[PDB]
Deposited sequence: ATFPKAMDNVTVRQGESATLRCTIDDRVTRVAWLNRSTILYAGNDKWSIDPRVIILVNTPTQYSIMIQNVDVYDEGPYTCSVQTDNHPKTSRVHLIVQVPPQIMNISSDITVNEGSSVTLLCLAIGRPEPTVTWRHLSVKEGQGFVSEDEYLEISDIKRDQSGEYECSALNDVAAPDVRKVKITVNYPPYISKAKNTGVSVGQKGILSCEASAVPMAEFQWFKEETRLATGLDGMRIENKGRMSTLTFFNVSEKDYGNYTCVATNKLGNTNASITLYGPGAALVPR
């Protein structure tokens, strides 16, 4: 056969089967004579002789280097004609991601280009995979146009050349999008009890909240109520409810590229049918 394939750092064995009565025999690395009979031309201690019988002439390149890849010939001399047999030593290298795109934040609707360049022997192929809801691309470049919020998360570059494990590495796209209210219940409370309104927005970056009644803002320091903010969530607390506290309150979530609000009612208890 034509190909002798060896993984880098292991030993390559170059065996020459000899069917004809041979007078002289040699192993060549390109046009340099490595071994001629028992006479070692090379000074490389990696190149050693293994078999020297009239049926076989075999050497070994231990700890193979990329620089070893190339044509090695078993050249001989018979009593009739010279004969040769050429083999190609192919060195294989596990794949490795060199440069990878670094994490990004981008606003919704814009474009994103991720780039994954890798090396290996033979030249590796590469696949991108979105790690949420997914083979998105199979090229060094992954290009996304009009990025939606659900396209955020981790994209995984996987480079393989069918030598050892493929090399994987990941990059995180975080998409900014304006807020929307995702929780807003009404609450009923009897006069004189503790009443809790609360909203929850979904936004990147997180939304800040503000509480209004009839389009006038409520501050925390005011008596009888307190505004508390968590991640995404915000609560307006009444400690002693009165008949005036009843009504509609608007929770306004804002972030650097938009705002939204919802309105919820602090109402009094009572029976209801349908």
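How would you list, in order, the spans of the deposited sequence that the model does not cover?
Missing CA coords at 1 to 6, 140 to 143, 285 to 286.
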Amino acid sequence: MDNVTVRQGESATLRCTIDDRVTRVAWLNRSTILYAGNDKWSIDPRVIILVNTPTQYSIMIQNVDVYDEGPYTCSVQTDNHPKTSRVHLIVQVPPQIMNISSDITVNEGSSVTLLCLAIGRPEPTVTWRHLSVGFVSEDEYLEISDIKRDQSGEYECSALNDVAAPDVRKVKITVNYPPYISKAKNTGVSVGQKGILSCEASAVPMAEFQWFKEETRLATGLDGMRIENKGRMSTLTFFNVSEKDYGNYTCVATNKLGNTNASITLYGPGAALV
From here on, numbers count along this sequence of modelled residues.
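Higher average CA B factor in the deposited record is what I'm after, so tell me if that's 31 to 39 or 222 to 230.
Between 222 to 230 and 31 to 39, it is 222 to 230 that shows the higher mean C-alpha B-factor.
With reference to the PDB entry, specify whether the mean Cα temperature factor is higher for 257 to 265 or for 6 to 14.
That would be 6 to 14.
Using the temperature factors in the entry, find which of 74, 201, 175, 115 has the highest value at its Cα atom.
Largest recorded C-alpha B-factor: 115.
Just the C-alpha B-factor column, please: which of 153, 188, 122, 82 has the biggest number?
So the option with the highest C-alpha B-factor is 122.
Residue 44: which third of its chain by C-alpha temperature factor?
It belongs to the lowest third of the chain when residues are ordered by C-alpha B-factor.
Ordered by C-alpha B-factor within the chain, which third holds residue 135? Give me lowest, middle or highest, please.
For residue 135, whose C-alpha B-factor we compare with every modelled residue in the chain, the answer is the highest third.
Rank-wise, by C-alpha B-factor, drop residue 88 into the lowest, middle or highest third of its chain.
Within its chain, residue 88 is a middle-third residue by C-alpha B-factor, going by the deposited values.
With respect to C-alpha B-factor, does residue 274 fall in the lowest, middle or highest third of the chain as deposited?
It falls in the middle third of the chain.
Would you mind checking where the Cα B-factor of residue 196 ranks among the modelled residues of its chain, as the lowest, middle or highest third?
Middle third by C-alpha B-factor.
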